Amino acid sequence: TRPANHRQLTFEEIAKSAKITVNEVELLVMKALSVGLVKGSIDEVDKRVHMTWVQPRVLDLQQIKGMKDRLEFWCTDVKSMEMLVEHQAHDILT
Amino acid sequence: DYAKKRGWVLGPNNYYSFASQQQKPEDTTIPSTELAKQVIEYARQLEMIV
Amino acid sequence: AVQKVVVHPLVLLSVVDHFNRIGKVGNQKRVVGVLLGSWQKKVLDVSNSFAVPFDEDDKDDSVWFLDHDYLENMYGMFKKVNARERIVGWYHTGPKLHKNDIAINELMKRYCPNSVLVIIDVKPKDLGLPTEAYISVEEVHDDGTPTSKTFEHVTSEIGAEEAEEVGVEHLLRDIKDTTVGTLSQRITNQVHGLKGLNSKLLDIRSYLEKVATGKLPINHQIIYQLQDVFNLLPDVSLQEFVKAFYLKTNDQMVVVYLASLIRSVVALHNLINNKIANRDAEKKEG
Numbered sequence: 023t024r025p026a027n028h029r030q031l032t033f034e035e036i037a038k039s040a041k042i043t044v045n046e047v048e049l050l051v052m053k054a055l056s057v058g059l060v061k062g063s064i065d066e067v068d069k070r071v072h073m074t075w076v077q078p079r080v081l082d083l084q085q086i087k088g089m090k091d092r093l094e095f096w097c098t099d100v101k102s103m104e105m106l107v108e109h110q111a112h113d114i115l116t
Numbered sequence: 007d008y009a010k011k012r013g014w015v016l017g018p019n020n021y022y023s024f025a026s027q028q029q030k031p032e033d034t035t036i037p038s039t040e041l042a043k044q045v046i047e048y049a050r051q052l053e054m055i056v
Numbered sequence: 435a436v437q438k439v440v441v442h443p444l445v446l447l448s449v450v451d452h453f454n455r456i457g458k459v460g461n462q463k464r465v466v467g468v469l470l471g472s473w474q475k476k477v478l479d480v481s482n483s484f485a486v487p488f489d490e491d492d493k494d495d496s497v498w499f500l501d502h503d504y505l506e507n508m509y510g511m512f513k514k515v516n517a518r519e520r521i522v523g524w525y526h527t528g529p530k531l532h533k534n535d536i537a538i539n540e541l542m543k544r545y546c547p548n549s550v551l552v553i554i555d556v557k558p559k560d561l562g563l564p565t566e567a568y569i570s571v572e573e574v575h576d577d578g579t580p581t582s583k584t585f586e587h588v589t590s591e592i593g594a595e596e597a598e599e600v601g602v603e604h605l606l607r608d609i610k611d612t613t614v615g616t617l618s619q620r621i622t623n624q625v626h627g628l629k630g631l632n633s634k635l636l637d638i639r640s641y642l643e644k645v646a647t648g649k650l651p652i653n654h655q656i657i658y659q660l661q662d663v664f665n666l667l668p669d670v671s672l673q674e675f676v677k678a679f680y681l682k683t684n685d686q687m688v689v690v691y692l693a694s695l696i697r698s699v700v701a702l703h704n705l706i707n708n709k710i711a712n713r714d715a716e717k718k719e720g
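Protein chains in written order, with the numbering used here: chain Z, 23 to 116; chain X, 7 to 56; chain R, 435 to 720.
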């Protein structure tokens with residue numbers, strides 16, 4: 023659920039969501055990592071977990087359309103840069 | 007009156023923070039289009055027949 | 435398991451010739467044939483090929499005919515002419531995989547157990563290599579349950595011997611532009627890479643549009659791979675990444691600046707020499 027740019031959960035949040043005390047959060051996250059559900063690290067000093075990859079899941083058509091929109095943005099950026107390079111270097115590449 | 011005229015926050019009595027931080031600009035976006043243009047200009051000057 | 439397939443230019447040009455001649459004959463869309471070659475410890479080498487009679491019904495994907503007797507006879511003759519080449523796979527010029535391909539591959543596996551399919555697009559409306567290599571593999575699912583025989587991609591590249599390279603370079607007096615410098619390093623990549631990436635993303639977008647509207651059903655594996663891709667997309671606003679990028683750019687520009695200074699000094703030297711020569715020549719002529 024968390025967006026890719028933050029994707030940095032905290033011990034209290036995990037405890038509240040999973041109905042377990044803050045102490046067991048580390049063991050829960052380590053079990054997840056060991057099994058292979060999520061990938062990341064644990065920073066006890068700052069009391070945070072940096073999740074970098076969660077297992078793929080089945081998505082509905084609304085989420086597929088969201089992925090399509092994101093692809094549209096990505097393709098627009100690619101085309102913009104291609105046009106920039108072509109226009110600026112037309113002199114050397116004709 | 008002059009404190010009101012100037013943009014001073016008027017905190018505690020005779021205590022007006024000046025916000026010398028100036029927003030402390032830390033955001034950096036790696037200006038990429040302009041750098042690409044500069045390097046392409048370098049290549050153009052290197053390759054073109056003077 | 436194949437790690438790479440090397441397709442020599444003679445194979446490609448022979449495929450083109452086969453396609454052209456069958457087309458001149460008429461009433462056909464795809465061409466099929468055999469790929470003679472050799473093995474180099476998981477790095478294939480396709481060196482030669484020969485045509486094979488083949489026909490198919492444009493409606494039924496189960497009425498197709500391949501003359502394996504002719505295949506065997508021509509293979510015997512090719513072996514009599516060059517022993518070091520043995521059957522390695524089959525090729526077809528169809529732009530994309532057909533539904534009869536697994537059946538044809540099963541037929542050819544009785545001549546080459548590790549048969550490799552090579553699709554050669556003789557009319558490439560794209561920007562990329564003309565060869566795509568596939569190997570038949572059994573796929574075990576978790577919900578798709580029945581294990582089907584699917585085609586798995588294998589890296590394909592074009593290589594050549596010395597004679598083939600000489601001949602291709604001689605024939606390449608159509609449009610020759612080497613310019614190995616920054617010009618080619620800007621055209622062969624950058625532009626070509628971005629165009630190809632845009633093509634692939636457009637294909638993904640078309641499939642996603644079809645799925646969302648409802649023309650095609652959902653493929654959980656494709657959706658999972660797309661999730662992985664969008665996860666891999668990096669973030670370029672991190673302070674650490676920005677700082678590292680600036681550091682490396684500064685180093686590269688240091689080297690570039692030193693090179694430009696060397697260039698300028700050399701240019702000045704040339705100007706001084708030229709002026710000396712011209713002044714001396716004028717003095718002597720006077």
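Virtual Cβ for every residue (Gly too), placed ideally from N, Cα, C.
Contact with chain Z by residue 53(X), beta-carbon distance below 8 Å:
With 8 Å as the cut-off, residue 53(X) counts as an interface residue toward chain Z.
Between which two residues does the beta strand (DSSP E) carrying residue 485(R) extend? Where residue 485(R) is concerned, the enclosing beta strand (DSSP E) stretches over 477-485.
For residue 10(X), go through chain Z and note every residue whose CB falls closer than 7 Å to its CB, in chain order.
Ordered by position in chain Z, no residue passes the 7 Å Cβ test against residue 10(X), which lies about 41 Å from the chain.
| request: State yes or no: is the beta carbon of residue 13(Z) nearer than 8 Å to at least one beta carbon in chain R? | output: As shown, chain Z starts at 23 and ends at 116. That puts residue 13(Z) outside it, with no answer to give.
* Whose Cβ in chain Z lies nearer than 8 Å to the Cβ of residue 36(X)? -> What residue 36(X) touches in chain Z: nothing, since even the nearest Cβ is about 14 Å away.
Rounded C-alpha distance that separates residue 470(R) from residue 567(R):
Residue 470(R) and residue 567(R) have their C-alpha atoms some 15 Å from each other.
Notebook entry, point to check: Roughly how many angstroms separate the alpha carbons of residue 601(R) and residue 33(X), rounded to a whole number?
Noted result: Approximately 57 Å, taken between the alpha carbons.
Fill in: Exposure of residue 700(R), with buried meaning 16 or more beta-carbon neighbours within 10 Å
Of the residues assessed, residue 700(R) falls on the exposed side of the cut-off, its CB having fewer than 16 other CB atoms within 10 angstroms.
task: Using a Cβ cut-off of 9 Å, pull out every chain X residue sitting near residue 615(R), in sequence order please.
output: Here the neighbours are 49, 52 and 53.
ask   = What are the start and end residues of each continuous alpha helix (DSSP H) run of 4 or more residues lying completely inside the stretch 531-615 of chain R, in chain order?
value = Listed in chain order, the complete alpha helix (DSSP H) runs (minimum 4 residues) inside the stretch 531-615 of chain R are 535-542 and 596-605.
message = Going by C-alpha to C-alpha distance, which of 508(R), 632(R) and 511(R) sits closest to residue 99(Z)?
response = By alpha-carbon distance to residue 99(Z), the top candidate from 508(R), 632(R) and 511(R) is 632(R).
Tell me, which residues are paired with residue 64(Z) by DSSP? Bridge partners of residue 64(Z): 71(Z).
Counting pairs of beta carbons, one from the stretch 77-87 of chain Z and one from the stretch 641-654 of chain R, are three or more of them closer than 8 Å? By the Cβ test, the stretch 77-87 of chain Z is in contact with the stretch 641-654 of chain R, since at least three Cβ pairs between them sit closer than 8 Å.
Q. Hey, how far is the Cα of residue 597(R) from the Cα of residue 557(R)?
A. If I take the Cα positions, the gap works out to 26 Å.
Measuring CB to CB, does residue 481(R) end up less than 8 Å from residue 442(R)?
-> With contacts defined by Cβ atoms closer than 8 Å, residue 481(R) and residue 442(R) form a contacting pair.
| said: Pull the bridge partners of residue 466(R) from the DSSP assignment, please. | reply: Beta-bridge partners of residue 466(R) (DSSP): 526(R).
For this session: For residue 29(X), name the three-state secondary structure that DSSP assigns.
Result: When DSSP states are grouped into helix, strand and coil, residue 29(X) belongs to the coil group.
task = Give a yes or no on contact between the stretch 693-710 of chain R and the stretch 442-452 of chain R, applying the rule of three or more CB pairs nearer than 8 Å.
result = With the cut-off at 8 Å, the stretch 693-710 of chain R and the stretch 442-452 of chain R do not touch.
**Q.** Residue range of the beta strand (DSSP E) that includes residue 500(R)
**A.** Segment 498-500, the beta strand (DSSP E) holding residue 500(R).
Got a sec? Which residues, its chain only, sit under 6 Å from residue 74(Z) by beta carbon, not counting five neighbours each side?
These residues qualify, in order along the chain: 61 and 62.
- Just how far apart, CA to CA, sit residue 65(X) and residue 692(R)? In the structure as shown, chain X begins at 7 and stops at 56. Residue 65(X) is therefore absent and cannot be evaluated.
Query raised in the report: Under the three-state reduction of DSSP, which class applies to residue 519(R): helix, strand or coil?
Result: Coil.
_For residue 58(Z), the three-state DSSP class (helix, strand or coil)_ = DSSP places residue 58(Z) outside both helix and strand once states are collapsed to three, so it counts as coil.
Notebook entry, point to check: If you draw a straight line from the C-alpha of residue 33(Z) to the C-alpha of residue 24(Z), how long is it?
Noted result: If you take the alpha carbons of residue 33(Z) and residue 24(Z), they lie about 15 Å apart.
| request: Could you list the residues in the stretch 72-101 of chain Z with a C-beta less than 7 Å from some C-beta on chain R, going in chain order? | output: Taking 7 Å as the Cβ-Cβ cut-off against chain R, the residues of the stretch 72-101 of chain Z that qualify are 75, 78, 80, 81, 83, 86, 87, 89, 90, 92, 93, 94, 96, 97, 100 and 101.
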